[PDB]
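Asks:
There are 2 protein chains.
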Amino acid sequence: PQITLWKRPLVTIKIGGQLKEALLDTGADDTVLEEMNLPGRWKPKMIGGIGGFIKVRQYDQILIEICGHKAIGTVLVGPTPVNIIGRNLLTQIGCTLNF
Amino acid sequence: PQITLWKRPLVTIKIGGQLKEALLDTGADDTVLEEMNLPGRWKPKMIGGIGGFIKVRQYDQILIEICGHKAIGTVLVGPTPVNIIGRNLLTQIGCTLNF
Ligand SMILES: CC(C)CN(C[C@@H](O)[C@H](Cc1ccccc1)NC(=O)O[C@H]1CO[C@H]2OCC[C@H]21)S(=O)(=O)c1ccc(N)cc1
């Protein structure tokens, strides 16, 4: 589809058998999701933006479905205020900026 | 143009007569630029990011050119890790997400 930017680009995603709302964020290098209890191994990581850094858990090869489009890659989990779909997965669903 | 997301969507902007690199950031409601001198009045404001809140100077009705496209709107200036172009300006240049 085509998503205008009048409002926040929030879409429904599916991860770990759960449905969530997430932001399609071209400004985010990597996907970061609100705290959740994913199974599997993970590695600690810190990501920075406006306001400083937060500590997150980096899971690899996580399957995410974004508006019916399937994607698999790195998913960070931590105390982010919003679920954020980053470029690492936006590329896998064929997402582009157009103006 | 059509911008893919394998790399950061960085573009050259023109503001206050100066050229700069900025990130097209669909996850940002507002436009936040690194420290710089801008003409015109400004009020103190606060914005929150993934890591907390920062102090910024709010400039209203600022002309800014993004890849040749002209926009006039609010520009926040403060200690952001990177110049980000938010939806308040992305809408003015007719920017959309497409997948
Ligand atoms: C600052 C950017 C270069 C990077 N950020 C993505 C960005 O889209 C955030 C993503 C974001 C969105 C909402 C809340 C927190 C973070 N938006 C943001 O900070 O916007 C602020 C300015 O306009 C306002 O609108 C939202 C917050 C304000 S980030 O959240 O810090 C981030 C950094 C690294 C990763 N892997 C994932 C996300």
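Residue numbers (PDB author numbering), protein chains in the order written: chain B, 1 to 99; chain A, 1 to 99. Note that beta-carbon positions come from the ideal geometry of N, C-alpha and C, so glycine has one too.
1) Measuring only from the beta carbon, is B/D30 closer than 8 Å to any heavy atom that is part of ligand 1?
2) Go through its chain and collect everything with a Cβ distance to B/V77's Cβ below 7 Å, but skip five positions before and after it.
3) Can you name the start and end residues of the alpha helix (DSSP H) that B/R8 belongs to?
4) Which whole-angstrom value is the C-beta distance of A/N98 and B/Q92, which I expect to be below 8 Å?
5) Would you give the residue range spanned by the beta strand (DSSP E) that A/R87 belongs to?
6) I want to see whether chain A comes within less than 9 Å of B/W6, judged by CB atoms only; does it?
7) Can the beta-carbon of A/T31 be found less than 9 Å from the beta-carbon of A/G86?
8) Counting along the chain, where does the beta strand (DSSP E) carrying A/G73 start and finish?
9) Work out the CA separation of A/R41 and B/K14 for me, nearest whole Å.
10) Can you tell which of A/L90, A/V11, A/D25 and A/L19 has the C-alpha that lies nearest to the C-alpha of A/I84?
11) Taking 7 Å as the limit between beta carbons, can you name the residues of its chain near A/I47, skipping five residues before and five after?
12) Is it the case that the CB of A/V77 approaches a heavy atom of ligand 3 more closely than 8 Å?
13) If we call anything under 9 Å between Cβ atoms a contact, is A/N88 one with A/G68?
14) I'd like to know whether the C-beta atoms of A/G27 and B/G27 end up nearer to each other than 9 Å.
15) Measure the beta-carbon distance from A/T4 to B/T96 and round it to whole angstroms, keeping in mind my assumption that it falls under 8 Å.
16) Taking only beta-carbon positions, decide if B/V82 is within less than 9 Å of chain A.
17) Are there any heavy atoms of ligand 1 lying less than 8 Å away from the beta-carbon of A/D25, as far as the coordinates show?
Replies: Let me spell this out:
1) Working through the first sequence from its first residue, we reach residue 30 of chain B at position 30. Because some heavy atom of ligand 1 lies under 8 Å away, the Cβ of B/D30 counts as near it: yes.
2) Translated into the one-based positions of the first sequence, residue 77 of chain B becomes position 77. These residues qualify, in order along the chain: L33, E35, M36, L38, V56, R57 and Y59.
3) Taking the first sequence and counting its residues from 1, one reaches residue 8 of chain B at position 8. Looking at the DSSP string, B/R8 is not in any alpha helix (DSSP H), and its letter there is neither H nor E.
4) Locating residue 98 of chain A in the second sequence gives position 98, where the first residue counts as 1. Locating residue 92 of chain B in the first sequence gives position 92, where the first residue counts as 1. Contact flag wrong, Cβ pair sits at about 15 Å.
5) Your numbering for residue 87 of chain A matches position 87 in the second sequence. Careful: A/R87 lies outside any beta strand (DSSP E), inside the alpha helix (DSSP H) at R87 to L90.
6) Here residue 6 of chain B refers to the residue found at position 6 of the first sequence. Judged by the 9 Å Cβ criterion, B/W6 is in contact with chain A.
7) Within the second sequence, the letter at position 31 stands for residue 31 of chain A. Within the second sequence, the letter at position 86 stands for residue 86 of chain A. Taking 9 Å as the Cβ cut-off, A/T31 and A/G86 qualify as a contacting pair.
8) Translated into positions along the second sequence, residue 73 of chain A becomes position 73. Looking at the DSSP string, the run of the beta strand (DSSP E) that includes A/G73 is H69 to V77.
9) For the purposes of this step, residue 14 of chain B is taken as residue 14 along the first sequence, with counting starting at 1. For the purposes of this step, residue 41 of chain A is taken as residue 41 along the second sequence, with counting starting at 1. So the alpha carbons of these two residues sit roughly 46 Å apart.
10) Along the second sequence, one-based indexing puts residue 84 of chain A at 84. Of A/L90, A/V11, A/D25 and A/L19, the residue nearest in Cα terms is A/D25.
11) If you number the second sequence from 1, residue 47 of chain A lands on position 47. Result list for A/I47: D30, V32, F53, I54, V56 and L76, in chain order.
12) Ligands in the displayed structure: ligand 1; ligand 3 is not one of them.
13) For this step, residue 88 of chain A is matched to residue 88 along the second sequence. For this step, residue 68 of chain A is matched to residue 68 along the second sequence. Going by C-beta atoms, A/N88 is not nearer than 9 Å to A/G68.
14) Translated into positions along the second sequence, residue 27 of chain A becomes position 27. Translated into positions along the first sequence, residue 27 of chain B becomes position 27. Cβ atoms of A/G27 and B/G27: closer than 9 Å.
15) As a working note, residue 4 of chain A is residue 4 in the second sequence. As a working note, residue 96 of chain B is residue 96 in the first sequence. Yes, they are in contact, since the Cβ atoms of A/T4 and B/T96 sit about 6 Å apart, within 8 Å.
16) For this step, residue 82 of chain B is matched to residue 82 along the first sequence. So yes, B/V82 belongs to the interface.
17) By one-based count along the second sequence, residue 25 of chain A stands at place 25. The answer is yes for A/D25.
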